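In: Sequence, then structure. It's an experimental one.
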Amino acid sequence: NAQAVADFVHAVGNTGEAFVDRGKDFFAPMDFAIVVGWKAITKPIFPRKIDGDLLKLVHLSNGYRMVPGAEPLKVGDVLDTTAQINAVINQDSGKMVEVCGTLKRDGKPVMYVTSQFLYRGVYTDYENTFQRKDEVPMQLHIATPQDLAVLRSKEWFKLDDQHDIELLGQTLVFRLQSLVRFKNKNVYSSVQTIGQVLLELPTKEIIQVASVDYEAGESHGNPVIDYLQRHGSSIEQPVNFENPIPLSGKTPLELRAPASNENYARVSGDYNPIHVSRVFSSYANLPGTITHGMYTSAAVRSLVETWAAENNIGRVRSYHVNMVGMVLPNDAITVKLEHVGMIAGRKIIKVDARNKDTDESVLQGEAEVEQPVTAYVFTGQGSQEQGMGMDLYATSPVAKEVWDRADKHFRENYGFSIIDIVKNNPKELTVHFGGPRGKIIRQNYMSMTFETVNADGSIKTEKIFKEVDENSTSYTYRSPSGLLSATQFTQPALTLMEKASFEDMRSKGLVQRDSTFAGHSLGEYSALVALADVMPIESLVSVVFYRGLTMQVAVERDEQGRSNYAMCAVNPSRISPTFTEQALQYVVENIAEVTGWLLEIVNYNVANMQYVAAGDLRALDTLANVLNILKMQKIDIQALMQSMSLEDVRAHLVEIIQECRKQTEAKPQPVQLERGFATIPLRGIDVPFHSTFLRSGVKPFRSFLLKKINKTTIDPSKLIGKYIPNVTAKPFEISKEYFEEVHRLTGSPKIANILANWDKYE
Amino acid sequence: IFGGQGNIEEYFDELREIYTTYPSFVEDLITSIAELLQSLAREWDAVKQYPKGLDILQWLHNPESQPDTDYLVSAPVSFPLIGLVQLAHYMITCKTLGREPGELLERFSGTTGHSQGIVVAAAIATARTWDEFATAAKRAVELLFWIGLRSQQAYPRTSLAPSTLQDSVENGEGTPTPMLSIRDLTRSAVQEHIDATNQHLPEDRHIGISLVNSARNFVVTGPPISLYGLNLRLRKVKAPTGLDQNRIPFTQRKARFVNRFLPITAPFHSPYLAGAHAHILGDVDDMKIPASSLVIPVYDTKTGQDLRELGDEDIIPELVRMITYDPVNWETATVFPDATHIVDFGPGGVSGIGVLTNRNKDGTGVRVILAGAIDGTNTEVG
Amino acid sequence: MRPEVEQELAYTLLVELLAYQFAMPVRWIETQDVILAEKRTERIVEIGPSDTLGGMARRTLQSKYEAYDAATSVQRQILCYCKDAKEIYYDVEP
């Protein structure tokens, strides 16, 4: 009910514009769940096998947990309230009922309201006490055949007949459900555990390699969870801090129980006389007219919204309080909030609420709340430095291994270590094709397929490593300024440091679920693998290593090592503050079809600040000129596109072009570019990459990508719409319209073919 | 001339001065208008807003029961409670002279109010009897009660980011409300900054100019959250109180203005209090103050003209629009022809509209008197 | 809605996107603007050896988002993995 919502809010104390139908949001408190589902949540207390004095019941605990991906409650919603009894156990404090609510919209679950009630008193009715706990995900790593042989020696362990994937040398996941019935508060009358034994392939394929089934009565402990609890470890669990970060501030948050619980009772459904009438509560041996359990919860929980998530409720994905203090009306209450951990990109927030006079605990519990809006961007070539991410290497057992697996790869296949190249940057390095594993290496050097087609139309398929044959004992890499400076190495190395670094953050639960990620030049590949498991790390480095290779062989150079082209960055601001993006474009595209050479804005980095052009050396000389003229010439492109029509400024430019052009052919000696007004050339580039030049070898790199990437490995759910490519300035989408924006910018024959069939994809 | 909400959260302190100092004179209408409210507060639409209660006499008797400054400043309590203080002043003036409400009412030439004050101003122009006074007194008070009440429910207070909250506080501004003040800065510019801000905002949360209190004094409304966004820009433009500029060309200096939020609980004189207007009218159709019952001219809020120049319509309808929609062009509606003395009965001592207008009219020869308090800190006001 | 379909689509879109990235200018402004303007990110985290994309995104914060951030009351925080290492991992002393 659109109204019932605003009634609840205005009753507990919540104030978020997310509830009041202004601004950008109109949702309903997740607190409303126990108002909506109040039926199924309460019903199950009544059955005959749970015979308690419902008058002496108290609300004991209650937590919500919003299904991953599900949007909060909105007003125009229709919710189906499903519940069942997860456990009824009789503690000494009384008797306990655990109810698990499941609100569903459109048939899909949206949030699970779990609650606990206490029939306070003495109970020996153990006949109907029981529990269905979801036992913790365990990770059992099998190393010795003796390890295996014991995992198989277990009766409760049941191997599947899917396939004989030798469990040896791999690890297993034991997500187990189990059901227990008590007799003594100590002795388990009868226990049963079942569940699924998972395995992850090298392709991230999850398989039920086996299944668990244990059962027994008159048990003292769970023999299955125990076995796991020693031979294995827990999984998907909290990463707490050494130093709990106060969020609350040292100014304790203050709440007051209102007088007259009626207000809540109305908007809630809990008319329970306990909270409202004098005589009813008095009969139940209460301190009298006890403020509503769930009201305290709701009130403090609002602070958790306002203070943790900063009023964007979508963030607050989990909340769970134990009420352990009875709050009368008008009681002053203190709330402390503390960032004390992380899980799957979500801040854990310890919540403590106390009686301002007694400091007695009213509420205690934690809330899993999403981080502010985050965006992960991965840097590209140029920022590489010697020994990068090596410190983090020694310190992080995780990143430690990322590097190792990559190195292990490189060494055994290409015959060198990138870790070495990184640590001590060699001005040269040479690989050797020794014995058995020696020859197998050169094979990979020989099997490097370069591709350049003749100006008649025959696809010359050439070697990348020309001089490497079946008579070669060694190949030698050389760079004048260290091999960590030439890309075949520069790239896999940069990729590596980044993957590792990120994988560490992930290790500590810092990586946010719903965030975006983008990479620059190289950085796109790392960024991809970083958040989406687009491919194994050995694939990644191979991929990238090839990229660097092709990128270097693309251009033609001569005997002196003299390269044909070069790149240069241009700051349009330094010309005239009237100089725009389209302005520098006009300058270039004109020089393009006038002097016929190859020139092109390859980098669009900062609005009116940083751009980069590639192309012929003379093309960079004439574009340097034109701008050096216009800066000292003092122009105004806005005023001059009205005072002269379009073909007037156009033909006026073609003037300056030929002048500037022929003066460059006067220093015809391969050309030698220098720093201009805003035109500062980037030292150390041979190839005009990110231009229509590399269109050549786009074909071979694709077929290579197809070798290194496998569809199966891909969760489109990770790229979903959260990944920003470098050709589409907009979020990766799988829509029929995207493939068109791609095809427009690219001309992919694979895309045309897949756009023509589009119906086929339904 | 009658004041209103304008940086005074010590309004209830003024009531104590009254009750304390002039017990005989006022004790009567205090008690009655008190019980009037106590009843209006029980009405089901209202109890929501007065959880801390609306028992004025209690707070007066036992100081410890007096609610938080936050509570009293809220519209639903601020409005009517304030009117009572403006009444008690006019009442105390007449009574101390040994006059009737019609005696002083005759010896003025024109009355106006500042937003919420225009109600007590029009209603004070009704009374001639002490019986006729108490009538218009319960009229104004209960009117204010419903204006503030229903206004609050139209656009209620929303919670803000605790960060941007302390921010606005430390940066010299106040706790964020829907009512922003911009002194020392010309409308020309103020609108340009309002323009840029409204540029990036959705139409829902735009920003209007609530009142024009002088050529360099204004007020601005809109959601507090977007009013903040104006302050962000403003801070980037104005200069620190430190910067010495005695060595900088004048046309090139940085303008030194004073922006700051105001203790006002709701977006008045803005498209935001739309739904509230209708509701209010239906609470007040019972009472009818026609254009005729105005002895002395009552000058409109938005335009300087009278309310007597009407065919005796219920005044309620015009009053309510002037407050919940109409841009108080105060400087024009207060350009009293050939005035020589102007008297402030409005709320708050040297804070009342007396000074605020005294400046508007310093040179001309208009003098000002604050009936609100017997002495104070200002030299330019008797 | 066919998972197996969505795969091969995302797949060849990915494969293609990467393939042609070679000979296709890098539109890092338009990309930065999707991050700052569309998704209005509060925390921009840079991962690598230097704060190159970091200051690159600080420059876009000045030359474009000046009054936008002021009006929208957008809080922004640019972190590199190097320089701003501690704030990434939420490591503070009491």
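Out: Now that the structure is in, tell me what you want to look at. Numbering: from 1, shown residues only, chains lettered A, B, ... in the order given.
In: Please make it C-alpha for all contacts and neighbour counts, starting now.
Out: OK.
In: Torsion angles phi and psi at the residue of the stretch 101-250 of chain A found nearest chain C?
Out: Of all residues in the stretch 101-250 of chain A, the one sitting closest to chain C is residue A:243 (6.8 Å; CA to the nearest CA). Main-chain dihedrals, residue A:243, degrees, to the nearest 10: phi -110, psi 100.
In: How much space separates it from chain B?
Out: Separation of residue A:243 from chain B (CA to the nearest CA, to the nearest Å): 22 Å.
In: Can you get me a residue count around residue A:226?
Out: 11 (other CA atoms under 10 Å in any protein chain shown).
In: give me the element residue A:369 is part of.
Out: strand A:361-370 (DSSP states H and E).
In: for that strand, packing partners?
Out: The contact analysis (3 or more CA pairs under 8 Å, 6 or more residues apart in numbering or on different chains; DSSP states H and E) places strand A:361-370 against strand A:318-323, strand A:346-355.
In: The closest residue in space to residue A:115 that isn't next to it in sequence: how many residues sit nearby?
Out: Nearest residue to residue A:115, sequence neighbours excluded (CA to CA, 6 or more residues apart in numbering or on different chains): residue A:62, at 4.0 Å. Residues lying near residue A:62 (other CA under 10 Å) number 23.
In: and residue A:62, what is it in contact with?
Out: A:113-116, A:294, A:320-322 (CA atoms under 8 Å, 6 or more residues apart in numbering or on different chains).
In: which of those lies closest to chain B?
Out: Among the contacts of residue A:62, and counting by CA to the nearest CA, the member closest to chain B is residue A:294, at 20.4 Å.
In: what's the longest helix in chain C?
Out: The longest helix of chain C (DSSP state H) is helix C:3-19.
In: Pull out the buried residues from it.
Out: C:6-19 (16 or more other CA atoms under 10 Å in any protein chain shown).
In: and chain A, which of those residues reach it?
Out: Filtering these for proximity to chain A by CA under 8 Å from any CA of the partner chain leaves C:6-13, C:15-19.
In: Near chain B, which residues of chain C are found?
Out: C:67-68, C:70-73.
In: can you rerun that using 10 Å?
Out: Within reach of chain B by CA under 10 Å from any CA of the partner chain, chain C has these residues: C:66-75.
In: so which of those residues is the most crowded?
Out: Most crowded among the residues of chain C next to chain B, counting by other CA under 10 Å, is residue C:71 at 26 neighbours.
In: Can you name the helix or strand that it falls in?
Out: Short version: residue C:71 belongs to helix C:66-72, going by DSSP H and E.
In: Which neighbouring elements make contact with that helix?
Out: helix B:187-200, helix B:224-237, helix C:52-63 (3 or more CA pairs under 10 Å, 6 or more residues apart in numbering or on different chains; DSSP states H and E).
In: Show me which of the contacts of residue A:62 is closest to residue B:236.
Out: Closest approach to residue B:236 among the contacts of residue A:62 (CA to CA): residue A:320, at 43.0 Å.
In: OK, now which residue of chain C is nearest to chain B?
Out: residue C:71 (3.9 Å).
In: residues in contact with the closest residue to that residue other than its chain neighbours?
Out: Leaving aside its sequence neighbours, residue C:71 sits nearest to residue B:229 (CA to CA, 6+ apart; 3.9 Å). Residue B:229 is in contact with B:164, B:194, B:197-198, B:200-201, C:67-74, counting by CA atoms under 10 Å, 6 or more residues apart in numbering or on different chains.
In: run the last query once more with 7 Å
Out: B:197, C:70-73 (CA atoms under 7 Å, 6 or more residues apart in numbering or on different chains).
In: Residue B:158 in helix, strand or coil?
Out: When classified by DSSP: H, G, I helix; E, B strand; the rest coil, residue B:158 comes out as coil.
In: Quick check on the closest residue to it other than its chain neighbours: phi, psi?
Out: Nearest residue to residue B:158 in three dimensions, chain neighbours excluded: residue A:15, at 5.0 Å (CA to CA, 6+ apart). The phi/psi pair for residue A:15 (degrees, to the nearest 10) reads phi -140, psi 0.
In: and the gap between residue A:15 and residue A:733?
Out: 36 Å (CA to CA, to the nearest Å).
In: ditto for residue A:28
Out: 30 Å.
In: So between these two, which is more surrounded?
Out: More crowded of residue A:28 and residue A:733, by other CA under 10 Å: residue A:28, with 25 against 19.
In: Next, the contact list for the more buried one, please.
Out: Counting by CA under 7 Å, 6+ apart, residue A:28 has contacts A:5, A:19, A:73-75.
In: Find the nearest non-adjacent residue to it, please.
Out: In space, residue A:28 is closest to residue A:73, 4.9 Å off (CA to CA, 6+ apart).
In: list the contacts for that neighbour?
Out: Residue A:73 sits in contact with A:27-30, where contact means CA under 7 Å, 6+ apart.
In: Angles on the backbone of it, please.
Out: phi -80, psi 130.
In: mind checking how far it is from chain B?
Out: 19 Å.
In: And what about the most centrally placed residue in chain C, helix, strand or coil?
Out: Centroid check for chain C by CA atoms, centre = their mean gives residue C:35 as the closest residue, at 5.3 Å. Put simply, residue C:35 is helix when judged by three-state DSSP.
In: got the phi/psi numbers for the residue nearest to it when sequence neighbours are not counted?
Out: Distances taken as CA to CA, 6+ apart put residue C:41 closest to residue C:35, at 6.1 Å, once the chain neighbours are dropped. The phi and psi values for residue C:41, taken as degrees, to the nearest 10, are phi -70, psi 140.
In: hmm, back to that, centre of the chain to the following helix or strand past the helix holding residue C:71, how far?
Out: Sequence order places strand C:77-80 as the next helix or strand after helix C:66-72, per DSSP H and E. Chain-centre distance of strand C:77-80: 10 Å, with CA atoms, centre = their mean, to the nearest Å.
In: Give me the contact list for the helix or strand just after the longest helix of chain C.
Out: Following helix C:3-19 in sequence order, the next helix or strand is strand C:26-27 (DSSP H and E). With contacts defined as CA under 7 Å, 6+ apart, strand C:26-27 is touched by A:521, A:602-605, A:690, A:726-727, A:729.
In: repeat that for 8 Å
Out: Contacts of strand C:26-27 (CA under 8 Å, 6+ apart): A:520-521, A:602-605, A:690, A:726-729.
In: closest point of the stretch 451-600 of chain A to chain B, which residue?
Out: residue A:577 (20.7 Å).
In: Quick check: closest non-adjacent residue to the residue of the stretch 51-200 of chain B found nearest chain C.
Out: Nearest residue of the stretch 51-200 of chain B to chain C (CA to the nearest CA) works out as residue B:197 at 5.1 Å. Spatial nearest neighbour of residue B:197, excluding adjacent residues (CA to CA, 6+ apart): residue C:71 at 5.1 Å.
In: For the residues of chain C next to chain B, give me JSON lines that also has distance to residue A:256.
Out: Output for the residues of chain C next to chain B, formatted as JSON lines (distance: CA to CA, whole Å):
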{"residue": "C:66", "distance to residue A:256": "42"}
{"residue": "C:67", "distance to residue A:256": "41"}
{"residue": "C:68", "distance to residue A:256": "39"}
{"residue": "C:69", "distance to residue A:256": "37"}
{"residue": "C:70", "distance to residue A:256": "36"}
{"residue": "C:71", "distance to residue A:256": "35"}
{"residue": "C:72", "distance to residue A:256": "34"}
{"residue": "C:73", "distance to residue A:256": "31"}
{"residue": "C:74", "distance to residue A:256": "32"}
{"residue": "C:75", "distance to residue A:256": "32"}
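In: before we move on, back to that, which members of the contacts of residue A:73 are positioned in strands?
Out: Counting by DSSP state E, those place A:27-28 in strands.
In: tell me which of the contacts of residue A:73 is nearest to residue A:167?
Out: residue A:30 (43.8 Å).
In: these two touch, right, the closest one and residue A:64?
Out: Yes: using CA atoms under 8 Å, residue A:30 is in contact with residue A:64, at 7.5 Å.
In: that older thread, can you pull the contacts of the residue nearest to the centre of chain C?
Out: Residue C:35 neighbours (CA under 8 Å, 6+ apart): A:375, A:516, C:41.
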